[PDB]
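Please read the structure below before turning to the comments.
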Amino acid sequence: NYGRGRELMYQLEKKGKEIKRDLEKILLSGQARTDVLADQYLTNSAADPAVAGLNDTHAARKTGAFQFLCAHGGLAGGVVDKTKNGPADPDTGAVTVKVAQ
Amino acid sequence: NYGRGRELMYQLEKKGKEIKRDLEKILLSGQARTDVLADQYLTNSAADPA
Amino acid sequence: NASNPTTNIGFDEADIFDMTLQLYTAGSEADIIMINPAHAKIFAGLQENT
Amino acid sequence: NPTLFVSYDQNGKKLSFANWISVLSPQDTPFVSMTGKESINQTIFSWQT
Amino acid sequence: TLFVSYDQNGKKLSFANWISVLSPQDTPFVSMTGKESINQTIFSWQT
Amino acid sequence: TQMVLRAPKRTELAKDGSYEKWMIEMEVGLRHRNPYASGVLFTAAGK
Amino acid sequence: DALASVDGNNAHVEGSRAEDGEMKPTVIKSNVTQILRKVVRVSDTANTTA
């Protein structure tokens, strides 16, 4: 291991850089909030009774991205649409999501 | 509540700001007058017609 | 109230002990009871009628 | 159910809000700021052009 | 316009957690017996 | 335990053509601890 | 919340590492915050009389 030295330590540093890059990419990607909870988000009391019982029906937690939280105007399957302008802001006429011309 | 203080002073502040906003909008608009009084007895005869 | 005179509406033989046992089976730790005056004669006769 | 270490089955969770309401909206009133005050009594007078 | 922030309750604080369990675990026999430490899997005694 | 929300208090409302109003409007509530902690025994004449 | 339901026979072997697991959700039941109502509408002549 001429330069890499400790193989496992070097690979771990590489994975650290990789996860940092993946975070920097995802935070600006077009992910869509996806979770088993749809309308029972808080529901502290009941805590979504229709989850427990199987203990293995856990889905893949996907966080809301920038393009999703920035007043989207649809969903092109699984990602925010890049071909339609968002809706109008009720306060004043405003479209913070525009497709260029 | 969870993020505000109370549902009274919050609403009062919102309503006052909205009053100022609507006032500005009305001043800068085309709000013509529509009244019934065709006041013509002016010039030192201050009265309300029958 | 099966065997006791089936005309009165109240307690029967000392099932208060059964209730206290059911409570102790769940760490109830209760030390107060209510008399419901209409049923005070039962507590009064608890020390007799045998 | 202590079957597995998950959060979906947690009893008595905390809602965890954020203590602020950033509902900012525009309010300038430049005209009303650069006009003045001329309090009056009645509402039928004129200015005699 | 009636700025009170009095009916919002935006604090959304956490619970107080004064939960209570009523499962008795007195164990009087175990408290009165005592304890000893064996090494083998089987223990015997002569009388 | 009791959970009085605001308070027990009296208040006056707008009067009228020789009227006079008064109200209390107390808001309260109860709260039990571990339902399996209090005993109840209904009384039946028979079955 | 509760502690357990039944334990009974727990004897096992020194290699019983097959599978296991548990789960128990929150048990928040409810709360109502009941209100009351009482009003009086006495007149002025009555309040003045004796």
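By order of appearance in the structure tokens: chains A, B, ..., then residues from 1 within every chain, and ligands from 1 in the order shown.
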
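With only C-alpha atoms taken into account, the protein and nucleic acid residues at most 9 Å from region 14-19 of chain C (excluding it and anything under 4 positions from it in its own chain) are residues 23, 24 and 46 of chain C; 39, 40 and 41 of chain F.
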
Restricted to C-alpha atoms, what would the selected residues look like written as a tab-separated table (two decimals), in the first residue's frame?
chain	number	residue	atom	x	y	z
C	23	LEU	CA	-57.77	-4.32	41.78
C	24	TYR	CA	-54.80	-5.74	43.70
C	46	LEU	CA	-71.61	-6.03	56.29
F	39	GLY	CA	-62.75	-0.21	40.21
F	40	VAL	CA	-66.46	-0.08	39.40
F	41	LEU	CA	-69.21	-2.49	40.44

Need to verify the contact set: region 7-13 of chain B, 8 Å, only C-alpha atoms, exclusion of same-chain residues closer than 2 positions in sequence. Can you return it as a PyMOL selection string? (chain B and resi 4-5+15-17) or (chain E and resi 1-8)

Suppose we keep N, CA and C atoms; can you now write the selection as a JSON list (two decimals), in the first residue's frame?
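Saved file again.json follows:
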[["chain", "number", "residue", "atom", "x", "y", "z"],
["B", 4, "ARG", "N", -47.13, 31.14, 17.27],
["B", 4, "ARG", "CA", -47.57, 32.50, 17.54],
["B", 4, "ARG", "C", -47.88, 32.66, 19.02],
["B", 5, "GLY", "N", -48.33, 33.85, 19.39],
["B", 5, "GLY", "CA", -48.68, 34.14, 20.77],
["B", 5, "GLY", "C", -50.14, 33.87, 21.07],
["B", 15, "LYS", "N", -54.88, 42.36, 10.27],
["B", 15, "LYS", "CA", -55.98, 43.15, 9.74],
["B", 15, "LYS", "C", -55.59, 44.61, 9.56],
["B", 16, "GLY", "N", -54.80, 45.16, 10.48],
["B", 16, "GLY", "CA", -54.34, 46.53, 10.31],
["B", 16, "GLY", "C", -53.42, 46.69, 9.12],
["B", 17, "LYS", "N", -52.48, 45.75, 8.96],
["B", 17, "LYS", "CA", -51.61, 45.79, 7.79],
["B", 17, "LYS", "C", -52.43, 45.67, 6.51],
["E", 1, "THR", "N", -54.04, 43.98, 11.36],
["E", 1, "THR", "CA", -55.40, 43.37, 11.29],
["E", 1, "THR", "C", -55.54, 42.28, 12.35],
["E", 2, "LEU", "N", -55.72, 42.70, 13.60],
["E", 2, "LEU", "CA", -55.91, 41.78, 14.72],
["E", 2, "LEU", "C", -54.73, 40.81, 14.84],
["E", 3, "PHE", "N", -53.54, 41.39, 15.02],
["E", 3, "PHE", "CA", -52.32, 40.63, 15.20],
["E", 3, "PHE", "C", -52.19, 40.25, 16.67],
["E", 4, "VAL", "N", -52.57, 39.02, 17.01],
["E", 4, "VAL", "CA", -52.56, 38.57, 18.39],
["E", 4, "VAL", "C", -51.65, 37.37, 18.61],
["E", 5, "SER", "N", -51.45, 36.52, 17.60],
["E", 5, "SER", "CA", -50.70, 35.28, 17.75],
["E", 5, "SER", "C", -51.09, 34.57, 19.05],
["E", 6, "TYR", "N", -52.40, 34.50, 19.28],
["E", 6, "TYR", "CA", -52.96, 33.94, 20.50],
["E", 6, "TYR", "C", -53.77, 32.68, 20.26],
["E", 7, "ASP", "N", -54.21, 32.42, 19.03],
["E", 7, "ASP", "CA", -54.95, 31.22, 18.68],
["E", 7, "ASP", "C", -54.16, 30.31, 17.75],
["E", 8, "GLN", "N", -52.88, 30.60, 17.55],
["E", 8, "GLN", "CA", -52.06, 29.79, 16.65],
["E", 8, "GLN", "C", -51.42, 28.62, 17.40]]

Residues of chain A that have any atom at most 7 Å from an atom of chain G: could you tabulate them with the shortest-distance atom pair and the distance in Å to one decimal, using only C-alpha atoms, ordered by chain and increasing number, as a tab-separated table?
residue	atom	partner	partner_atom	distance
A:45	CA	G:28	CA	4.5
A:46	CA	G:26	CA	6.7
A:47	CA	G:26	CA	6.5
A:52	CA	G:23	CA	6.9

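Counting only C-alpha atoms and comparing C:42, C:36, C:50, C:22, the residue that lies closest to residue 37 (chain F) is C:22.
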
Write out as a ChimeraX atom specification the residues lying within 12 Å of residue 86 (chain A), counting only C-alpha atoms and excluding same-chain residues fewer than 5 positions away. /A:67-75,80-81,93-99

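Using only C-alpha atoms, the residues found no farther than 7 Å from region 19-30 of chain F, other than those of its own chain fewer than 3 positions away, are residues 1, 2, 3, 4, 5, 6, 7, 8, 9, 10, 11, 12, 13, 15 and 16 of chain F; 32, 33, 34, 35, 36, 37, 38, 39, 40, 41, 42, 43 and 44 of chain G.
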
Counting only C-alpha atoms, what are the residues of chain E within 6 Å of chain D, and for each of them which pair of atoms is the nearest and at what distance in Å, to one decimal? Sort the table by chain and rising number, as a tab-separated table.
residue	atom	partner	partner_atom	distance
E:10	CA	D:19	CA	5.9
E:11	CA	D:19	CA	5.3
E:12	CA	D:17	CA	5.6
E:14	CA	D:14	CA	4.9

Interface list for chain G, partner chain E, 7 Å threshold, only C-alpha atoms, as JSON, numbers by chain: {"G": [1, 2, 3]}

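With only C-alpha atoms as the basis for measurement, D:46 is the residue among D:39, D:27, D:22, D:46 that approaches residue 43 (chain B) most closely.
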
Strand (DSSP E or B) call set, DSSP backbone run, region 15-84 of chain A, as an NGL selection string: :A and (34 or 62 or 76 or 79)

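Picture a line from CA of residue 15 (chain A) to CA of residue 35 (chain A); it runs 26.5 Å.
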
I want to know what sits within 10 Å of residue 37 (chain B), based on only C-alpha atoms, with residues of the same chain fewer than 3 positions away left out; could you give that as a ChimeraX atom specification? /B:34,40,48-49 /D:44

Those same residues - N, CA, C and O atoms - I'd like them written as a PDB file, in the first residue's frame.
ATOM      1  N   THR B  34     -69.573  56.887  -6.547  1.00  0.00           N
ATOM      2  CA  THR B  34     -70.942  56.509  -6.905  1.00  0.00           C
ATOM      3  C   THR B  34     -71.809  56.855  -5.698  1.00  0.00           C
ATOM      4  O   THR B  34     -71.945  56.057  -4.766  1.00  0.00           O
ATOM      5  N   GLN B  40     -75.753  70.609  -5.045  1.00  0.00           N
ATOM      6  CA  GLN B  40     -75.653  71.841  -5.815  1.00  0.00           C
ATOM      7  C   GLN B  40     -76.003  73.081  -5.008  1.00  0.00           C
ATOM      8  O   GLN B  40     -75.826  74.190  -5.522  1.00  0.00           O
ATOM      9  N   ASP B  48     -79.099  69.769   3.380  1.00  0.00           N
ATOM     10  CA  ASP B  48     -79.322  68.490   2.726  1.00  0.00           C
ATOM     11  C   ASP B  48     -80.660  68.528   2.010  1.00  0.00           C
ATOM     12  O   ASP B  48     -81.689  68.741   2.669  1.00  0.00           O
ATOM     13  N   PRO B  49     -80.713  68.338   0.684  1.00  0.00           N
ATOM     14  CA  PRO B  49     -82.009  68.377  -0.006  1.00  0.00           C
ATOM     15  C   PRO B  49     -83.027  67.429   0.608  1.00  0.00           C
ATOM     16  O   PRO B  49     -82.668  66.534   1.380  1.00  0.00           O
TER      17      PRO B  49
ATOM     18  N   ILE D  44     -67.887  67.060   2.157  1.00  0.00           N
ATOM     19  CA  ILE D  44     -68.589  67.528   0.968  1.00  0.00           C
ATOM     20  C   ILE D  44     -67.960  68.773   0.363  1.00  0.00           C
ATOM     21  O   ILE D  44     -68.520  69.340  -0.574  1.00  0.00           O
TER      22      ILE D  44
END

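With CA of residue 60 (chain A) on one side and CA of residue 36 (chain A) on the other, the separation reads 8.5 Å.
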